[PDB]
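Respectively, the protein sequence lines represent chains A, B and C. In case it helps, the numbering used here puts the first sequence at residues 1 to 56. In case it helps, the numbering used here puts the second sequence at residues 1 to 118. In case it helps, the numbering used here puts the third sequence at residues 1 to 61. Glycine is no exception: its CB is placed at the ideal position from the N, C-alpha and C atoms. Reading through the structure tokens given below for one structure.
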Amino acid sequence: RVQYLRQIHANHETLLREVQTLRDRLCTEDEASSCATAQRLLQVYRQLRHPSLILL
Amino acid sequence: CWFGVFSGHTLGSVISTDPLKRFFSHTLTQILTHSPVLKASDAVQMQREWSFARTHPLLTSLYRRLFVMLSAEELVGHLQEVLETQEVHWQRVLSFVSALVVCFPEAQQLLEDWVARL
Amino acid sequence: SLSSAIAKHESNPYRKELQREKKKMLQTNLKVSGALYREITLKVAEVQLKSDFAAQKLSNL
Numbered sequence: 001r002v003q004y005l006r007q008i009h010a011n012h013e014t015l016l017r018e019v020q021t022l023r024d025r026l027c028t029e030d031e032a033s034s035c036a037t038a039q040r041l042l043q044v045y046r047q048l049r050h051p052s053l054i055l056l
Numbered sequence: 001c002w003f004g005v006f007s008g009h010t011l012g013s014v015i016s017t018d019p020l021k022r023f024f025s026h027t028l029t030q031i032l033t034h035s036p037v038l039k040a041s042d043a044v045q046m047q048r049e050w051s052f053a054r055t056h057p058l059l060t061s062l063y064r065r066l067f068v069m070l071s072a073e074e075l076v077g078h079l080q081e082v083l084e085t086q087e088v089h090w091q092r093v094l095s096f097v098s099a100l101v102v103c104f105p106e107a108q109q110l111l112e113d114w115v116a117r118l
Numbered sequence: 001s002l003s004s005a006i007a008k009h010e011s012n013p014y015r016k017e018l019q020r021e022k023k024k025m026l027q028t029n030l031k032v033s034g035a036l037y038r039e040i041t042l043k044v045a046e047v048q049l050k051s052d053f054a055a056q057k058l059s060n061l
């Protein structure tokens, strides 16, 4: 169908732009490279890994 | 070109039709609501000039398009709702009903229904 | 790129006559090639491998 594929695309692009802003803040030494960065990315990792690659 | 992109062959293909419908509903209300001039209740003889073929083909095309990407009784309820709620531009509403009656599959009796209620 | 390749496989009385023609154009048609899905899910799988490998260095440390 279409609804489900667009659900997935939008769910991904929100994360992607969020990650991208996060990458630039790491370029400008804005935020930190202590941590909570690391702990943020290990939250994105877990979000995605639950239904990784439904194969049809 | 604006009405061209509005024709929802390119757009319907990419966009889920929950927010697209909200866009069209706000668009329709914004066509009707904005600049409520010629409120003259004596806007009677001007019905002849707001006849479907005299109303511009651009209006006609966009109205057909708005009918295509939406449903009929949704449109009827929405019209009933807005005309009850908020003031009008009589040009666009009269043109709009003129396009409604001939475009949609026999909703002149669905018109008579809420006409009788009103 | 999965969803973009798919959203390119998805594109490809007189008033009533033309209303019906445009209804026929917008009739709910879905053409999501299974083989394309497959192609892209392997490209994706290659990267999931890379992201998963990279999460072990991070969640270990």
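query                                                                                                                                                                                               : result
To the nearest angstrom, how far is it from the Cα of residue 103 of chain B to the Cα of residue 65 of chain B?                                                                                    : 11 Å
How about residue 15 of chain A and residue 42 of chain A: are their beta carbons less than 9 Å apart?                                                                                              : no
Taking 7 Å as the limit between beta carbons, can you name the residues of its chain near residue 5 of chain C, skipping five residues before and five after?                                       : 36, 40
Since residue 39 of chain B and residue 84 of chain B are thought to touch, with beta carbons under 8 Å apart, how far apart are those beta carbons, to the nearest angstrom?                       : Rounded, the Cβ-Cβ distance is 16 Å, inconsistent with contact.
Tell me which residues share the same chain as residue 37 of chain B and place their Cβ nearer than 8 Å to its Cβ, disregarding the 5 neighbours each side in the sequence.                         : 89
Using a Cβ-Cβ distance cut-off of 9 Å, determine whether residue 44 of chain A contacts chain B.                                                                                                    : no
Kindly indicate which three-state DSSP category residue 105 of chain B falls into: helix, strand or coil?                                                                                           : coil
Throw me the rounded Cβ distance for the residue 6 of chain A and residue 7 of chain B pair, which I believe falls under 8 Å.                                                                       : Not a contact, Cβ separation roughly 20 Å.
Against chain C, with Cβ distances strictly below 9 Å, would residue 19 of chain B count as a contact?                                                                                              : no
Answer with yes or no whether the minimum CB distance from residue 7 of chain B to chain A is below 9 Å.                                                                                            : no
What runs of the alpha helix (DSSP H), each 4 residues or longer, lie entirely inside the segment 13 to 75 of chain B?                                                                              : 19 to 33, 46 to 49, 57 to 69
Taking 9 Å as the threshold (beta carbon to beta carbon), is residue 12 of chain A in contact with chain C?                                                                                         : yes
Might you give, ordered along the chain, the residues of its own chain that have their beta carbon closer than 7 Å to the beta carbon of residue 35 of chain B, omitting 5 neighbours on each side? : 89
Would DSSP call residue 36 of chain A helix, strand or coil?                                                                                                                                        : coil
In the DSSP assignment, the alpha helix (DSSP H) including residue 27 of chain A goes from what residue to what residue?                                                                            : 3 to 27
Could you give the distance in angstroms between the alpha-carbon of residue 109 of chain B and the alpha-carbon of residue 34 of chain C?                                                          : 46 Å
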